[PDB]
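# Secondary and tertiary structure notes
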Amino acid sequence: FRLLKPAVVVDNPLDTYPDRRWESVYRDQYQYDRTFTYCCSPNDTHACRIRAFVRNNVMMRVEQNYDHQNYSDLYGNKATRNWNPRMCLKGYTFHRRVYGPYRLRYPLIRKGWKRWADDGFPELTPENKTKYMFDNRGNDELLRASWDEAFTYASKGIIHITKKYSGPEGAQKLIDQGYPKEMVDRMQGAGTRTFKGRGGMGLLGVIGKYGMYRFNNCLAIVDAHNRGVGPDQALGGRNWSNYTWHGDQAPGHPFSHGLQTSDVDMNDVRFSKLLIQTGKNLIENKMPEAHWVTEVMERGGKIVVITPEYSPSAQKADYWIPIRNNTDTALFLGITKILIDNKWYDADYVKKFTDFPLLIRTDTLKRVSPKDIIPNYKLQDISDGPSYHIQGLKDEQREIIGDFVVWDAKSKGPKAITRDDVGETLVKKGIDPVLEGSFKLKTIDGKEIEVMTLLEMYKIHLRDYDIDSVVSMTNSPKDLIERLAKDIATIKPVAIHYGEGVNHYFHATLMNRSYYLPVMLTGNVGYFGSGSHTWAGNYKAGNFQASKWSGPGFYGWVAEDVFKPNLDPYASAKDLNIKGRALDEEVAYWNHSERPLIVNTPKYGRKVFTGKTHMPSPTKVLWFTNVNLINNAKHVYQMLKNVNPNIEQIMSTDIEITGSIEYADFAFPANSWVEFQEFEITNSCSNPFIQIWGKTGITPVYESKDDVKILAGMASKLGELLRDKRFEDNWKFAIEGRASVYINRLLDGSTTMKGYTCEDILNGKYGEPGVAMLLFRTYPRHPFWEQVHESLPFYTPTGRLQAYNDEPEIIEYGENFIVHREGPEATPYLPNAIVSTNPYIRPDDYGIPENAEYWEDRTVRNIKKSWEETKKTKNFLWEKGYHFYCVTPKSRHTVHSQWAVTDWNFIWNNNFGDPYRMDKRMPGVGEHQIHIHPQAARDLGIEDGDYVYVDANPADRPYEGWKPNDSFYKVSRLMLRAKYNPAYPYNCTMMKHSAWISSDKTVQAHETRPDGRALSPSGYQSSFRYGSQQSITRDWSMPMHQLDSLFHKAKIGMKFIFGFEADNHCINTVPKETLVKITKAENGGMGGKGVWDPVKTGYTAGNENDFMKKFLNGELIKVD
Amino acid sequence: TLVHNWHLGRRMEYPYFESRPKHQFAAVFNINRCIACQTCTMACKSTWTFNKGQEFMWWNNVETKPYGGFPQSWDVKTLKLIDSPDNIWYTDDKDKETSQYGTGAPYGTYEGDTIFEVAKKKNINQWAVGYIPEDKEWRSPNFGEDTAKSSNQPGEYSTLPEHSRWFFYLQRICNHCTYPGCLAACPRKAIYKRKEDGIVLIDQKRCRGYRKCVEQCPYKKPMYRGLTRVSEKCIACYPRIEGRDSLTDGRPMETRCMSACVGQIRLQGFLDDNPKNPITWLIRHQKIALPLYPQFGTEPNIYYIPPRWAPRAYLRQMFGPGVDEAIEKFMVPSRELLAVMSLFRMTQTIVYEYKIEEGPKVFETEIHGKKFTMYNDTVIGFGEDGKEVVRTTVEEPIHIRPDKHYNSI
Amino acid sequence: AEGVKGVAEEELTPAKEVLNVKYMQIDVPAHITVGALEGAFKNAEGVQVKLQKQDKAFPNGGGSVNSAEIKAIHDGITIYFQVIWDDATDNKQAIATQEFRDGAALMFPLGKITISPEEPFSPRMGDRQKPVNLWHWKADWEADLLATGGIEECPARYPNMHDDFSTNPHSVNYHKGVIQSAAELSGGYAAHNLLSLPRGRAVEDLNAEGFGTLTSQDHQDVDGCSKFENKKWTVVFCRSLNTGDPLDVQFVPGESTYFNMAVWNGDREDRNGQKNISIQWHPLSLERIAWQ
Ligand SMILES: Nc1nc2c(c(=O)[nH]1)N[C@@H](/C(S)=C(/S)[C@H](O)COP(=O)(O)OP(=O)(O)OC[C@H]1O[C@@H](n3cnc4c(=O)[nH]c(N)nc43)[C@H](O)[C@@H]1O)C=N2
Ligand SMILES: Nc1nc2c(c(=O)[nH]1)N[C@@H](/C(S)=C(/S)[C@H](O)COP(=O)(O)OP(=O)(O)OC[C@H]1O[C@@H](n3cnc4c(=O)[nH]c(N)nc43)[C@H](O)[C@@H]1O)C=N2
Ligand code: HEM
Ligand code: SF4
Ligand code: SF4
Ligand code: SF4
Ligand code: SF4
Ligand code: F3S
Ligand SMILES: [Ca+2]
Ligand SMILES: [Ca+2]
Ligand SMILES: [Mo]
């Protein structure tokens, strides 16, 4: 009845507003009920500690925990707030994947494999393969299975196939299929050695994922049932490698210092004052810790980036050095020459800690041995030295490693020195080595030999790396080379940082060795803010480091005696029986079409360049967790077409349907990091923190289990079928719901974690209720700190940083010196040519002509040639039109195959993202793109936004024996959109790594659906219309990565080994050793008519109109 | 109605009389530290624009300059509507004094026409010049990612002071302008500026989908929601600032996009008249952080530290004439700026005042032609009541452990 | 006063031709349609209203439509107005950012008044302390009535779209329930804005005390139907002669009042003041009921 306000009147919105009761709208939206904490662990290498907000038991959003101030260790040392906030965009959108349409919902088994299992596992003749669809797995159907059904078929198949190839009758079946005799003899009669079990980057969760290595170990029981052998003669599955397979290891590190990887806690990089970046995008690929580098320009530091492109890391650089790809060894050799010509080196730091003073014999090119010049010489007893008590050397090893000779300055003449006699140990003794000198000596036999210093030999080696020729090799500005050469010599600390921008080329081994030369001479290794470091994913399973005072470490979980397991919950890690029966293997051999490096040399017939320690075995059964192995495998369409049809069982554990499941036989839905029903442990190599999490998130959205239970459930069914209880004993505490037992057995027994308890860490005893700090010697963990400050030896044959390698295979390969070599495919000149005139490089060419076009021939052609002669040579691929490099770096928008398809992140990784998909040709809400220089595309009639084919060597890729009319060729040939980016050189193209690959069904649907979306009926989505970024990529078998005589340190234990160690001196895959041909495919305009719409604007790179040029020059505004 | 804008150092034409807020919601973005991780982008998306009808809406977007933008080429499209040979800054009579909150002429005087004054002179019968971006221009939110400008000559290489081949990142939200074009555009007066914190909001009860805010906002932040048939915009996460998140225990919390920043580039607070406020200190006392396109005349309140490596001509046209002195201060930081920069993204609670406890000198050298000394000072931030809320050191500590532990593993 | 022209005398004096509401028992079905009323309006006589661009205040727009025919009939219970104008484009939705709706509106002074330059009552959507009733027909609301949920949603405009939550066929029950709850939808949907809800109606009943003051009523009482054929719109407004809302115009048979008109064309981006206005109040008379 009161007077009505008919209308609402507003006077001045700046000043006052009549009614604001509506504002509750957004306050109601922001409301949440509870908060919980987990750890995001996708091989990011960061393992962030995460706080998510829940509303009515639904995970709504996430935020940083702002918790680093609270992180601490047993001793009470703490971290800082300077580590905050540290998260990636992909962390914020993880729940979009958790409740997403690509999610795995229930166990899957392929119809044509269940059919094969139901018919009695008949012999897989070609007729049977096509019938049960092993050759065509992408047009079969993935059916739902119950966990018991999925386990039973898988276990029965494991028993059948391992028994199928176990015997001598099995060995001959493998010889009938074409496998080399060396791969069959490695099996040693075990059928189970055809089982390949990969825990994919298990440091992400050790119990759930590295438990696969425990499963592989357990298969020794199945071998006992198959062959009727005893425990000591029983062998299990083969552990598939992770670090090397991804190309993440820097291969030169075992040669230069003998450790798996030299990396740092990245807060230490902010101590650096001249920071050099050569093969790494620190800004896009270590983003939560990138602020440690960006802030070096704020504390009197200088930043340098040496890349072919103007990358997001180049912005932060004080000066950017352009370079030709696959040529960084020459650049640092030229800088080393500048450092030595002007004596801009710390002579004292190189007299100690370095192999330069050590004398080299001219007959054999080995280092001089006191046995050779000292009559009745005995090797010094270093059994009381720090090489036995700290590093764990053995008498049998010391005998091979031997002693070396130096020329003492004080008493003129050769002096004999030991591995332990390094650093200040020589000043305590009488020794004062000489860096320079050429001496005449006579052997014990009376045969005179000339010996000279490695530095002298380097002085003669570096004559081919004059400042002018290196500029011709590297196309790098000469002023910048001398500018960097000076900066390294005038600044302390200097740090060189690199990654797989250079580690994904064939001669990465030489490059990484090259990356220590300027830093060995300037005294910048072992000091805070210094060093030469590589960056990769999270590899450091050696954080559970084994030693005498500590215990078995990582071996406790993966190498526990299967036939003697400890079933006491309260078991100290030293009460565990350590014996692993799973033989480690490198994945790249599978990627090599399941063959080692065997080339039919004309000079010495069929020669095998693969060392016996590196020898693989045939793959017949395969199962992998936490990896999109097939989708992310290199040369993928060859793997699907000609390799995998002969793999009898492929199995994948995952949380999403990834296209590796689409071409697999089994699929097991696992719990994501927010649906863990059991605790899990992880560590990192870029941060000192420990994160333990589980049971505190949401209930499983679908029919998923924890990986630990999937492994245990698989083992239990193997025991149920084999009437064996010892299977469940190896997984006793996993089945009972107490994985903390195994975690405690890993904490106890590790140099970095003994004293920590899973229960105590999880409760906030050291700060945050899920975090502690593992125990290195320093909070900013810096490698070799104790070696320079306390005068301890390195993990080389000499105990010193090595610029030279005298091992016989290395000298036969022509790489005893740190030399620049062209790529076997990624060069305009002769493939794999040795650019040097040094008479002390004496390689063997193996009688292989320079015409050789076969990849295995190019792999081993070690021909020495001068730089002037090399410039006149010619790569065959480069001259037929395949004259574009094709880098596949990693992106800020994905962590490999994760978030590559999530709509929010999938819209931002490309120039074409659209949630409404107005252009139906677009594969999803996003499409993958290739970067090309504008002039390059214009020369081929390609406008920005057009679709282009990326074609590589026809003989090799996409798959061998392809023909234009094959149905699978349509799937294999890559056709993506082109993007103008003048930040790249003319001859260099870029595709970010890991989109979801084109499969059979995605191609069928892209051409059948009215909306044109490349969505499989299974729910799997491809990021391309056709093909993948793996259509122009190949595996390269490095002879340098397959040595049997490389005295380096074992990754898990404080001990030494010879030869291959999985993830430590084995094949390091290289996707960037490739060149590509680009040709226009379709018009970028909508519907194929006209040009892509933003080009019409005239506001595009390479198509600027006069107004945009006025914009780009800042001419729209003037001051005074 | 003539109003005073201190960015332009001139009095400006606006529909409504000048009425400033008690303090203005403002933030400082250190572009030099940015990584374009778009973490801030997903912060706003997963919170406010995640549902039906807002699939194209990205209130927070980081774009790769100069070619990039969301919507596509938004700066060049709007800058062309005000293109005149008279758009010139005059620096000589720039205030030497630091003027009081909301007054003065720190950068000089811009004698060019704002989007409001261009509309007035042409008698276009609208409050401001502008355009409605078509639905196809909202596609490609990362348009022009990592696309650099090149000289295109064979020997091209990049070095300081200006990179020949260059690109940088621009991180943009609603600037919550003092004289916003969207507020003046709406004929229903459904957009209003709060006097308490300066937050600009669209009344969702009274909005009628007139798209005029979308038309005349030069920064293209107001976006039309197909589902609700009305427009929405960045709300500055006002429930978080109002202290309605129990994580800050009733204290004002930085907005959700600011708290997410990974490369520690953004600090969010308020523009006081207090020189002890790290926000007010950086913007008016140091003049190191500068507004985005003050040419438009809205008085943005998100201020940027310009990139040290970008061409200065482009930077002046984007942030005004103060660019040169901002970079000179940043490249060799003073003792107090480095301590204040070490305060960025250390806590999620808004800090209203800072003060420093001095520590020993750690490192010193000569760089960029002048001498730089660095001390390990402890910077401290305080809340609305003067209570300490954050503390950190400039330099990292070093711990040494028993020799039974190893690094070389 | 910057953005507005002074009120000219031509605007304040009412038009001279009178719109007569003819009394005729109207027999109609449940579902009223323009065709069902065509026979009735054929016996009525209509006024030809002249339309002009709105130039008087910021924003300025319109000019696409110049004239409109208006007829009116009543039952003694219900009043019906029929408005016809020519427009070459059927703009029936406003989901895309660049698209607008075709619309028409009638307005009546609330209460009984005589308007003259000596007693001025502005035809610019009323004036202060002089409220007015508005009937706004929206073409998109007609299309919303035929949607499966009472409102057209985004896939109707972008059929190729995909969202990982809203377009997910595997969404769990509680996830979708929370995400698409009214609180989480937000905006107009949470704030209960009519433009964001399924009104179950084609014409909005609203009030104004001047331009810039338009307000949506709490109790909606006007409805209507429409038809677009051969580049022409035919819209009829339907409302009871009397309503329980005091902010509603009240018609009495035998009484006369005034009315005004406006038309929008989404093709020329007509929203707000960009309306094809009539500048003058038009007289309206209601016939008495032929009591038997
Ligand atoms: N041409 C070319 N080739 C190249 C490279 C290149 O640059 N160019 N780079 C290498 C390198 S360095 C890497 S690091 C690989 O791409 C990474 O391998 P990965 O398969 O593990 O990635 P991914 O992210 O897919 O691994 C995560 C998978 O596991 C899922 N997932 C995530 N969380 C879980 C979990 O908790 N449990 C389980 N069982 N699975 C989970 C995940 O969905 C993904 O499929 C390799 N080849
Ligand atoms: N947010 C996020 N973080 C992550 C990842 C992710 O996917 N997302 N990936 C993981 C993993 S497993 C890895 S291995 C690393 O990110 C690898 O990144 P990286 O920058 O070293 O390789 P990249 O291929 O990008 O190469 C880096 C640069 O080197 C350029 N380049 C390529 N070839 C050359 C060359 O021959 N010489 C020189 N000096 N540079 C060359 C390359 O273009 C890139 O800029 C962990 N971090
Ligand atoms: C010179 C005369 C007029 C001017 C300057 C004018 C101005 C305006 C303004 C500024 C608005 C938006 C602000 C608000 O909603 O309060 C508006 C909206 C509106 N007016 Fe007027 N008006 C005039 C005459 C009319 C007439 C004759 C009618 C016919 C009934 C009318 C009906 C409407 C309607 C229905 C809307 C809402 C438009 C929509 O929601 O899309 N107006 N007008
Ligand atoms: S995706 Fe990587 S960087 Fe982002 S929160 Fe997860 S672990 Fe951290
Ligand atoms: S930036 Fe645009 S939307 Fe934000 S306040 Fe300014 S004018 Fe309004
Ligand atoms: S201030 Fe708040 S609403 Fe605006 S973009 Fe940032 S997070 Fe989103
Ligand atoms: S989170 Fe920070 S560093 Fe990353 S893009 Fe956003 S503003 Fe830049
Ligand atoms: S102009 Fe006003 S009516 Fe809504 S769409 Fe913009 S706030
Ligand atoms: Ca129309
Ligand atoms: Ca009513
Ligand atoms: Mo990696």
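## Some thoughts on the overall build of chain B
- From N to C terminus, chain B includes 11 helices and 20 strands.
- Scaling as 2.2 N^0.38, a compact globule of 409 residues should have a C-alpha radius of gyration of about 22 Å, and chain B matches this with 22 Å.
- The principal-axis extent of the C-alpha atoms belonging to chain B is close to 75 × 55 × 45 Å.
- Within chain B, residue pairs in contact and separated by at least 24 positions form 67% of the contacts whose partners lie at least 6 positions apart.

## Comments concerning the UniProt feature "binding site: [4Fe-4S] cluster" (unreviewed entry) in chain A
Residue and element names in this part refer to chain A.
- With numbering matched to this structure, UniProt assigns "binding site: [4Fe-4S] cluster" (unreviewed entry) to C40, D44, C48 and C88. In sequence the annotated residues extend across 49 residues, while in space they remain close, none of their C-alpha pairs exceeding 10.0 Å.
- With respect to the element layout, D44 can be found in the loop between β1 (34-39) and β2 (49-55).
- Classification of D44 by relative accessible area gives buried; the value is 16%.
- Apart from the residues lying within four places of it in its own chain, the contact partners of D44 are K90, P288 and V895.
- Within the secondary structure layout, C48 lies in the loop between β1 and β2.
- When its relative accessible area of 7% is taken as the criterion, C48 is described as buried.
- Non-local contacts of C48, meaning those with residues more than four positions away in its chain, are made with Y38, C39, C40, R86, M87 and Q691.

## Brief notes about the coordination of the iron atom of ligand 3
Residue and element names in this part refer to chain C.
- Within the protein, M125 (SD) and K275 (NZ) serve as the donor atoms for the iron atom of ligand 3, at 1.7 to 2.1 Å.
- Coordination at the iron atom of ligand 3 is octahedral: its 6 donor atoms span angles of 68 to 169° at the metal. With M125 in the loop between β5 (103-109) and β6 (132-138) and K275 in the loop between β11 (256-264) and β12 (276-277), this residue pair connects regions lying 150 residues apart in the sequence. One exposure class covers both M125 and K275, and it is buried.

## Examining the coordination of the calcium ion (ligand 10)
Residue and element names in this part refer to chain C.
- In the first shell of the calcium ion (ligand 10), the protein supplies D205 (OD), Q217 (OE1), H219 (O), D221 (OD), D248 (OD) and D248 (OD), at 2.5 to 2.7 Å from the metal.
- Counting along the primary sequence, the residues that act as donors to the calcium ion (ligand 10) give the motif D-x11-Q-x1-H-x1-D-x26-D. With a gap of 12 residues between them, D205 in strand β7 (residues 203-208) and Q217 in the loop between β8 (215-216) and β9 (223-228) connect regions that are remote in the sequence.
- The class of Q217 is buried, set by a relative accessible area of 7%.

## Overview of the sheet that holds β1(A)
Residue and element names in this part refer to chain A.
- The 3 strands lie next to each other as β1-β2-β3, forming an open sheet whose pairing is antiparallel. Each end of this open sheet is capped by a strand with a single partner; those strands are β1 and β3 (58-64). When strand polarity is set aside, the average angle formed by the axes of neighbouring strands in this sheet is 35°.
- Examined bridge by bridge, β2 and β3 share 6 bridges and lie antiparallel to one another. Across the sheet, residue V54 finds its bridge partner in β3, namely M59.

## Overview of the UniProt feature "binding site: heme b" (unreviewed entry) in chain B
- Taken from the UniProt record, the annotation "binding site: heme b" (unreviewed entry) applies to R188(B), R208(B) and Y210(B). The largest pairwise C-alpha distance within this set of annotated residues, which runs over 23 residues, is 9.0 Å, so the set is compact in three dimensions.
- Looking at the element boundaries, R188(B) is found in the loop between α4 (181-185) and β9 (191-193).
- Excluding residues within four positions of it along the chain, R188(B) makes contact with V10(A), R206(B), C207(B), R208(B), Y210(B), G212(C) and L214(C).
- One can find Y210(B) in the loop between β10 (200-202) and α5 (212-216).

## A look at the interface of chain C and chain B
- In this assembly, 45 residues from chain C lie in contact with 33 residues from chain B.
- Sorting the residues of the side of chain C that touches chain B by element identifies β6, α5 (182-185), α6 (187-191) and β7 of chain C as the ones contributing at least two each.
- By residue number, the principal contributor to the side of chain C that touches chain B is α6(C), which donates 4 residues.
- Considering only residue class, the side of chain C that touches chain B consists of 17 nonpolar, 15 polar and 13 charged.

## Description of the environment of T347(B)
- With respect to the element layout, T347(B) can be found in the loop between α11 (335-341) and β16 (353-357).
- Aside from chain neighbours lying at most four places away, what touches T347(B) is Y66(A), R81(A), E254(B), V389(B) and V390(B).
- A polar atom in the side chain of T347(B) sits 3.3 Å from the backbone nitrogen of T349(B).

## Examining the UniProt feature "binding site: [4Fe-4S] cluster 3" (unreviewed entry) in chain B
Residues and elements named next belong to chain B.
- Mapped onto the present numbering, the UniProt feature "binding site: [4Fe-4S] cluster 3" (unreviewed entry) falls at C174, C177, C182 and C217. Over a stretch of 44 residues, the named residues converge on one spot in the fold, their C-alpha atoms separated by at most 10.7 Å.
- Its location among the elements puts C182 in helix α4.
- When its relative accessible area of 5% is taken as the criterion, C182 is described as buried.
- Excluding residues within four positions of it along the chain, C182 makes contact with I191, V200, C213, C217 and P222.
- The topology assignment puts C217 in the loop between α5 and β11 (223-225).
- Not counting residues within four places of it along the chain, the set of residues in contact with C217 comprises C182, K212 and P222.

## Points about the packing of helix α13 (residues 328-341) of chain A against helix α20 (residues 467-474) of chain A
All names here are of chain A.
- In contact at an axis separation of 9 Å, α13 and α20 are set at 165° when each is read in the N-to-C sense. It follows that α13 is roughly antiparallel to α20 by the angle criterion. With respect to the hand of their crossing, α13 and α20 are arranged in left-handed fashion. On α20, the residues that touch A330, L331 and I338 of α13 are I467, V470, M473 and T474.
- Within the contact of α13 with α20, the residues separate by chemical class into 6 nonpolar, 1 polar and no charged.

Cut-offs and rules
- Residues numbered from 1 in each chain as written, not as in the entry; some residues may be left out.
- Chains lettered and ligands numbered in written order.
- Heavy atoms only, no water.
- Residues with missing side-chain atoms left out of burial classes, pairs and counts.
- Helix = DSSP H or I, 4+ residues; strand = E, 2+ residues; numbered from the N terminus.
- Rg over C-alpha atoms; globule rule 2.2 N^0.38 Å.
- Contact = heavy atoms within 4.5 Å.
- UniProt positions renumbered as here; feature names shortened; annotations may be inferred.
- Buried < 20%, exposed > 50% of the residue type's maximum accessible area, 1.4 Å probe, protein only.
- Donors = N, O, S within 2.8 Å, 3.2 Å for Na, K, Ca; no water.
- Tetrahedral: all angles 85-135°; square planar, octahedral: opposite > 155°, others 65-115°.
- Pairing = 2+ DSSP bridges.
- Axes fitted to C-alpha atoms, helices over the stretch in contact; angles between N-to-C directions.
- Nonpolar A, V, L, I, M, F, W, Y, C, P; charged D, E, K, R; others polar.
- Polar contact = N/O pair within 3.5 Å; in protein donor to acceptor, adjacent residues only side chain to side chain.
- Parallel < 35°, antiparallel > 145°, perpendicular 65-115°, else oblique.
- Left-handed = near helix turned anticlockwise from the far one by under 90°.

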